[PDB]
Amino acid sequence: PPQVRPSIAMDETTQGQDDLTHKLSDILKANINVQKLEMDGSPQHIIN
DNA sequence: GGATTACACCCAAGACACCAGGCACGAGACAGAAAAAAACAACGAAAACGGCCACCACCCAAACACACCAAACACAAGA
């Protein structure tokens, strides 16, 4: 939940996500990129 | 090859990504691969020349005998 990775406020209008949130976003991007290889051309040096 | 190295408290100071090559789409060229034909192997049909049996005659093989030579028990010699 967001409690484990809360955001914060820089100057009254700004927020950066916690490290875990950006890490989870990167994991999601990696997952979707994986689901973009077994659906089309993939010369075995991109799947790995 | 990692992993740990006093405890509490105070203050100040700076940053809170910018910018550059990859995915998609965006089009050519030999290579990844597919289609064809002509000189590659064989077989059917004709021609005549090489192969088989005669005919054939002169040259090599066997018998007879010659003289000649190699050879083998033993009467004699010998230590």
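Structure first, text after, so check above.
Residues numbered from 1 in each chain as written, not as in the entry; some residues may be left out. Chains lettered and ligands numbered in written order. Part of a larger assembly, values for the part shown. Heavy atoms only, no water.

Participant: Describe the overall build of chain A, with residues and values.
Facilitator: Counting its secondary structure elements, chain A contains one helix and two strands. Sequence-ordered secondary structure for chain A, helices as α and strands as β, is β-β-α. On the principal axes, the C-alpha backbone points of chain A span a range of 50 × 20 × 15 Å. Counting every atom, chain A has about 4,500 Å² of accessible surface; 57% of that belongs to carbon and sulfur. Taking the average place of the 4 positive charges on the side chains of chain A and the average place of its 7 negative ones, the gap between the two points comes to 7 Å. (Helix = DSSP H or I, 4+ residues; strand = E, 2+ residues; numbered from the N terminus. Areas by Shrake-Rupley, 256 points an atom, 1.4 Å probe, with all protein chains shown as cover. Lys, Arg positive; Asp, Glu negative; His and termini not counted. Charge placed at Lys NZ, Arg CZ, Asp CG, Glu CD.)

Participant: Outline unusual backbone geometry, listing residues and values.
Facilitator: Even without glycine at this site, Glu12 takes up a positive phi of about 60°. Of note, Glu12 is situated in the loop between β1 (8-9) and β2 (15-16). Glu12 gets classed as exposed once you look at its relative accessible area, which sits at 77%. The phi dihedral of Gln44 is positive, around 70°, even though this residue is not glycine. By the secondary structure assignment, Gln44 is in the segment after α1 (19-34). (Buried < 20%, exposed > 50% of the residue type's maximum accessible area, 1.4 Å probe, protein only.)

Participant: Which residues make up the side chain of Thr21, and what values do they have?
Facilitator: Inspection of the secondary structure assignment puts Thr21 in helix α1. The class of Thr21 is buried, set by a relative accessible area of 13%. Looking at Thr21, its side chain comes within polar contact range of the side chain of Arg5, at 3.0 Å. (Polar contact = N/O pair within 3.5 Å; in protein donor to acceptor, adjacent residues only side chain to side chain.)

Participant: I'd love a proper account of the environment of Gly16, names of residues and values included.
Facilitator: Mapped onto the fold, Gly16 is located in strand β2. Considered as a pair, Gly16 and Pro6 are ten residues apart in the sequence and their alpha carbons are 9.4 Å apart. If near-sequence neighbours (up to four positions away) are discounted, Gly16 is found in contact with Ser7, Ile8 and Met10. (Contact = heavy atoms within 4.5 Å.)

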